[PDB]
Amino acid sequence: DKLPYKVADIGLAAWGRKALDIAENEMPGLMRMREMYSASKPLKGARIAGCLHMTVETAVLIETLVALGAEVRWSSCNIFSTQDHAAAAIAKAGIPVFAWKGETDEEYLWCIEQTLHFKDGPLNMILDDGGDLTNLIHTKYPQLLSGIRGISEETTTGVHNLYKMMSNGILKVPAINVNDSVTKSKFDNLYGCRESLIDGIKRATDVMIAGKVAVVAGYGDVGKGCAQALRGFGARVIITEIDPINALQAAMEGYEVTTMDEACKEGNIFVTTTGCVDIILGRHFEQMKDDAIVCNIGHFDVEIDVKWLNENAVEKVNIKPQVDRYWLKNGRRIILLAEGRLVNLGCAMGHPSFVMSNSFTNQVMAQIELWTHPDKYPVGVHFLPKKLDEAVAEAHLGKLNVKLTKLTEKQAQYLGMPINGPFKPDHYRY
Amino acid sequence: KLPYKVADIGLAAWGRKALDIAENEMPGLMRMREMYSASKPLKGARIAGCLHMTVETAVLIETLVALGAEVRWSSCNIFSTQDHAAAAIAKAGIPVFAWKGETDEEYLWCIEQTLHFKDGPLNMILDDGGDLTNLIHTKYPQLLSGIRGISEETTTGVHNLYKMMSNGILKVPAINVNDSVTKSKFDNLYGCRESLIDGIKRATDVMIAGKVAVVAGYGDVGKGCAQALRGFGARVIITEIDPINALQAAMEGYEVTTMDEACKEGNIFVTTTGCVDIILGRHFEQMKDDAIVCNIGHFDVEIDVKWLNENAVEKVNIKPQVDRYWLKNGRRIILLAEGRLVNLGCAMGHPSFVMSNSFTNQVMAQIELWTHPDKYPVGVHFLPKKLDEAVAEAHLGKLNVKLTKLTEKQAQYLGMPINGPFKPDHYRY
Amino acid sequence: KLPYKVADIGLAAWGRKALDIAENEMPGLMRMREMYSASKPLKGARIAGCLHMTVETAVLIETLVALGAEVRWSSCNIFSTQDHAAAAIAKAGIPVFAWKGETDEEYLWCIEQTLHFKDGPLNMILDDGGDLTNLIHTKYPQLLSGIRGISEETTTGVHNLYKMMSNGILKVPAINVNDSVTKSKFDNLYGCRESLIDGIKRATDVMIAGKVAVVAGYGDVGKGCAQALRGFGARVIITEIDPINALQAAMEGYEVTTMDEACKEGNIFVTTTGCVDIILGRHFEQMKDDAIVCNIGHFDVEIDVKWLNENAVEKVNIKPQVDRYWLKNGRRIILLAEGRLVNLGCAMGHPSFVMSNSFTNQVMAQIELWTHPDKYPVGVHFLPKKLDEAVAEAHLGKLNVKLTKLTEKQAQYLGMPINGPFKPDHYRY
Amino acid sequence: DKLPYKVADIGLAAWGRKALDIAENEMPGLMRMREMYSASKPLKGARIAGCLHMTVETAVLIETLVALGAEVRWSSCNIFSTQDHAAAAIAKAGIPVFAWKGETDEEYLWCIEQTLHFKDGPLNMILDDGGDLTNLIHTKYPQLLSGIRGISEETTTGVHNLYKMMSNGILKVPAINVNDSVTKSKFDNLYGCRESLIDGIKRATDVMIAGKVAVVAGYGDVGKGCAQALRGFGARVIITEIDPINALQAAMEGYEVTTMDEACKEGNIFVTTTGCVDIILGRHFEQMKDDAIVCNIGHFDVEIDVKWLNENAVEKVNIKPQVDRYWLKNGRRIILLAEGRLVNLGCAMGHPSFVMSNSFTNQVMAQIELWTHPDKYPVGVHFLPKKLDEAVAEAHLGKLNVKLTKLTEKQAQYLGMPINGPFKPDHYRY
């Protein structure tokens, strides 16, 4: 007596499938997993609950997991990130998915709850992005923990929570930190946001980037990619940071590094990338230039004080979905994107498929590792082996017509490494 | 007679919201309203406009009307109209004949609706690409003597005006707006640097990083497109016929080679030439699987779209203005906007700030032709550099730029007028 | 009369090695030799040259002589001569009067040595900055009627020629070489993009990354300097008087503000304006400790070096052309080349490849004036675009650029001559 | 009866000192070490043999070590890298230094040998760059190993050798890997080469970079900085790589990635950054464009087959010191810089002082750590703690007028980190 799926409109499935066909040909890593593992079904018996943005790219991941033998039930990890045509294609394929663009907060929790119970038992595997599923099970369903073989977690904020849980003795299931595979953190977080930040801002506002001042809070992998994107289109980018290493990197790249208390007086565009609370406050809003555009690309909507705008503005004018223009008591306006939620996924389409193929090949490898080799993974937070990380990159070279050099026997001897790798030590930072 | 024809008048309130936002990004146009709304220099003008019916053009239209003009409008491309912008103009009582996704015959019909006003025929033309200009000269020559001037937006259109003049077939004075410095060095360059990628992303969502992109032409548009693609991590190859532009591209770190070679390597193809026959069947047959092919020159003449329609073995519509073809060789081609301007056809065109430069020039040109026609004999003219500088100066405050003023000692040293113009006529910026 | 005067003739063999290398980077000049060494179009010319006596200028000189000219040379800056290049020219029998580190009076003496040849006075001028031009007009007017033409290298020099003409004091025809497209859009831009940093590094070895650099002026030189500094991770602030150039800089992501504000923030200061009074005592007093201050405009008029010499409390010579001043406020200023052109004074000037563009134009100008004087009445002229294009085309093979040729169908469509010129006279590239 | 120092010309000392005065004001990290530690003399009793490029920056490091109480004896780690005015200033200060520009190979070994014996005993500390000193002691003087408290090693190739020594049981002294402090690897290797590669090429050749094709072998930290530099001046950069991760990074940045076997036919400039043997061979030279410029910026001269040029060219024309133009049997010419030795230090002045202040503040901290806290460092290869790494960056922010943000109490609580750091986990890659 439970719903089999819930999506905005299953009639979008044919359009979704056309988008999936295109994405497949951009995602050689996931397609290679299908080629290598579709016959052997390494994920047979797995019942994976997934809580991850229900986009075209995630649909290609889902269909990969099913091809490898898993049963899957899916929800989005953000109320605005679902792409309804992609959700439709997954629903039409008979895969239980509970996701649509523009969920309420109650609906959001309800969708995760729909993914826990399969025909043959509760979930026995977690694929998570931000830890909402991880936390739901630990807090509300501790009785299911013993039946879960593993967690794989996508994002910086999510893995931060796993490490914290482990340090406080709260984590009861082995986890693989997918965010910090080299082929995820150094590619998705960086090159993904270099494209999808501007895409979100443009689809929402059509604003010219050239000539503006843009303030980016944080200069981690996300902030590095965001700053590069904005600079490339001729914005003058000002960085805020708490970490003196990241701040020196920003300075050495030619950006002004100062505080939000100063930068709020100058910015025309504000982008938060910190994963931290209380980045853009009332005291900042009141000093901004007229029609300042304010958005967040950190995982949770905790960075911008949107409550302050709702409570203090004279009026909120909705321009279109996920775009609101607040009129302040000082007579100036603030353009807020996606209610302070992830702007790339909320206002556009998130990262393009090619780079998501790197992140999602890591996800598939992690599910296989945890499902088929559980002895290797005691309760704790683990990384994929470098040889697998390198395999993810290698799987994407062909599409780009990259010609990789092979070490000669003599060179391999000289370097003291194997011809087939791994080629770097464990601490290597790329 | 219809008061207008648009897709959906119900889009007017959303259109108006977009216009409100755009006004705040278009200080040059708003300054024209501030300066001239009371004196109404365009009183008596009946301007027929043929120019992409976007949010930005709506702000231009309402500026012309604030200055006293009567206006009737059409788009200059069948896919470029933004229906909410057209609806806002219609709702405001201005005759606009435009919608996204016109047939070719509807396109001509819409231009024809702009010719006749209550008081008489058009007496001014505002054109982007020369279609209105050419229509009048070829089909309505009886109206020519009643037209005081033409202002022309785009490189292809001014190219046509010069050709008409050299052949003695131009019959009305024109101002070349494209070649104001504040148009050609801004709109064509920085405009495309943002809107090309916007069109490609909304259509395909393709990653740019890691791709080879081939840009045909390295003029102002090609310079902007190339820079955009390179900034996102594409490896950009350029084609060119002009050895100066080719040397510029090589000096910027781009490989310059022929389309005959580059067709074997590109994952993305962008035509910027203004020229016929740039991407042909012999090129398509050599392209990497799922190569994305698009045009950003004014007319759809650069890519042989007829060839794909005739020779592909499969053709699948992915979504509006996105088609995926399967060739006899088994590989796929993705074609955007049927080879029409991709930025306006698949996205929203250039952002409003840079369009404020172009459209401030347009307002100035219309005022010059309407109020000082004797300064402009039949021929093709530029705006004075003093006005060109004034366009740029009007956009500095929004960006909080602080311009330096020469001292009288410095102005004497330079032999320069202290308020400009600051550069000689041949200066290239 | 001396056959020459140089620092050290013993440097000739090393000079020759540097010339051999430079020739292989200068295909335009070598092509002029290939084409014209036999026909000798400059037979009869007695060219007095006043232009930085560098390796690149040596290749130019030997090209003029291969074409049949007699030549006598001086540098146009007291610090720009490359003594090995001067020695190679001297050793080859060409009268050159130049060395690095001339006094002001030696500088004038050297120019004066170039005026008289065995057969009579100079009959052609090749100038960079107008000093030879001005010397003849002001001090030797009796020689004017014997001079067939002037070709002038640099923006400041052509500025002077236009001023002379407008005032009716220009008495010899001139060709403006600076404003060939293949000069101004290449040498001024890409040349400075490499040689500014070269001068700053050889003088100071300072890290650029992490600094604030202030560039005064955003013309061709300022565009090149700014790009260079930004590429190494400096945060670049721009000053400008021209609202068009200012808007260009803002659209490229640079803060544009006044020197009055920017003096408080810069760690590096580069003047590119061609104008007097850019960096003054009131600016020095506000600068960060050990701010590096340099000029890349033609004349040393931009920085108030007199102020530092008079008001500093300590002045230490660090090495040739590098001085470190201590002000009354306790902070230090590092001044390069006594405010003279830093790229040529502290390094080697622009690299040979881009100078081949400039100097191919120079050879063409000299041939035009010498062999077709009646085409050039007293006044200031440009080379034809066809020749400008030919300069760029002559450099494409070295870079393995493959230029596309229009088809006859495409040329008909465009109304363009199939071999060029490909752009209208007003084109800005 | 041993020489007290040996330098090209001690008369250069006054000029050297002027350069040192300038460098000090660019090196706030080293100056802060002097301010903090000059009175307490933490390095009293230390007798440090240093084998590291005898440049102006190294002179500031040497004077820092002496201010902190150490006795020091110094040699260069490259035959072309010494800056004679800097060596003169150190000699004049009474510090035994044995280094000059243009040493022969016999002289080079002799100089290291001069640094082993102090008035009060043999060396008891090693400061090394490339491991030549480390290897000399282990191979030729094993009897001195027990009296050495620690090794600090500067460069990637040197630390590679330490790890290899440790894995083979050959390492007998505790070492700190300074190369892989974040504030070294991510700054010196990257931003240092972004400036000093081009400086070396230009001082040697004055070649135009714009319009050329440049081939960079390797896309590690050095190759990343080299590629960026060349691209910035308008060269078209082609990358070679053996590591599929680094190669994907290059591709995602817009570079063509192919093999040297292909790229040799196209390049006008070749830069080797690999740390590996046999990168540019005879078969490559014979296919290059005329006047191709060939140089190496990896630590040892093992990357370019210079022997092949000496044996096969028709003639070698010396242009000036460290610049040779070989005429090949095919009639084309090759311009070889610094005999295939480090081009930035051999043909110009190496990295600028500011970034070397980061590397050398790490060196001073490592010497203090090994000298004063030996119990923390058993025989093995160790990293500096992240808190010290962060302290190095923080010490350079003031000079750049960077304003770092401080976390609020509430934010620190939210993130689960201390207000004063460290701010990142141990695996963070920046």
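The chains carry the letters A, B, C and D, assigned in the order they are written, with residues numbered from 1 in each.
Just so we're on the same page, a residue touches a chain if its C-beta (ideal position, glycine included) is under 8 Å from a C-beta of that chain, and two chains touch if they have at least 3 such contacts.
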Does B-D or C-D have more contacting C-beta pairs?
C-D
Chain B-chain D separation of Cα centroids, rounded to whole Å:
53
Whole-Å separation of chain centres (CA-atom averages), chain B against chain C
38
In chain B, residues with contacts to at least two other chains:
190, 209-210, 233, 247, 250-251, 399
Considering only which chains touch which, how would you classify the arrangement: line, ring, star, complete or other?
complete
Throw together a list of every chain pair that touches.
A-B, A-C, A-D, B-C, B-D, C-D
Can you list the chain B residues touching chain C in their complex?
159, 162-163, 179, 181-182, 184-186, 190, 239-248, 250-251, 256-259, 261, 274-277, 301, 382, 388-390, 392-393, 395-396, 399, 401-407, 409-410, 413-415, 420, 422-424, 426, 428-429
Residue numbers of chain C touching chain D in their complex, please.
14, 17-18, 21, 24-25, 55, 190, 193-194, 197-198, 201-202, 204-212, 228, 231-233, 265, 288-290, 316, 318-319, 324, 332, 334, 347-348, 350-354, 398-400
Which part of chain D faces chain B closely enough to touch in the complex?
210-211, 231, 234-237, 248, 251-256
